[PDB]
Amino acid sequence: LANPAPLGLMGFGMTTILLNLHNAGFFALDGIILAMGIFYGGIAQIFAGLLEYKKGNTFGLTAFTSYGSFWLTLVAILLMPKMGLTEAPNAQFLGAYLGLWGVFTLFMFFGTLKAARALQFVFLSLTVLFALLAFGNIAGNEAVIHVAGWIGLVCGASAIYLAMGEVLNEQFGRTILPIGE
C-alpha cells in the first residue's frame, strides 16, 4: 500500500504556512487560507489519516485526522459569522481552543521521540505554535501572535520537507533528503 503520510504533511504544510503569513502580518485572513483549510489542510489531510488505518499506524490515524478536523473547525469558526449563524469568536475561548490543541500536540510530541527527527521538529514547532497562539489570544498580545506566525512558517515548511523527504526517498530507494532517521 502507498504511504499517505506525505499527503497529510503536504496538506498540513501548505495550510500551516499560509495561515501564519497572516499571523506574522504579511496579509490579512484571506480566503486563500480558508480554501486550503477546507480541502488540503482539511479533507486531503482527513484522507491521509483514514489511510493510515490499513497501515497500522495509530499515530498517523490520530495525527492527520485530528489536525485535518482542526482546520475544518478553524474555517467554521471564521465563516459561520459571515453566514449569520453565530457570533464572532471570543479570543479567550479561541485561546483555550488553541490551548487544548496544544495539549494534544504536546502529548503527541512525546509520541514522536521514537521516530524520525523531522517529525519530532514538526510536532515540537507545532507545540510552540499552538502554545504561542493560545497565550497571544488570551492575553490580547498581538506581538506574540506575530511570533507564532514565524514559528508556524517554520513548522509548515519542515512539514512539507518531510512530506517531500519521504516521497523522494521512496522513489529512488535511497536518502535523497535526510530526515534524521
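The first residue of the sequence shown is number 1, and the count goes up from there.
- On average the C-alpha atoms of 80-88 have higher B-factors than those of the other stretch, with 95-103 and 80-88 being the two compared.
- When 171-179 is weighed against 3-11, 171-179 comes out higher, by mean CA B-factor as recorded in the entry.
- The maximum CA B-factor among the listed residues 44, 63, 143, 131, taken from the PDB record, is found at 143.
- Ranking 48, 153, 36, 113 by Cα temperature factor from the entry places 113 first.
- Ranked by Cα temperature factor within the chain, residue 59 sits in the middle third according to the deposited record.
- Ranked by C-alpha B-factor against the other modelled residues of its chain, residue 136 falls in the highest third.
- In this PDB entry, the Cα temperature factor of residue 159 sits in the bottom third of its chain's modelled residues, the lowest group.
- In this PDB entry, residue 120 carries a Cα temperature factor that places it within the middle third of its chain's modelled residues.
- In this PDB entry, residue 17 carries a Cα temperature factor that places it within the lowest third of its chain's modelled residues.
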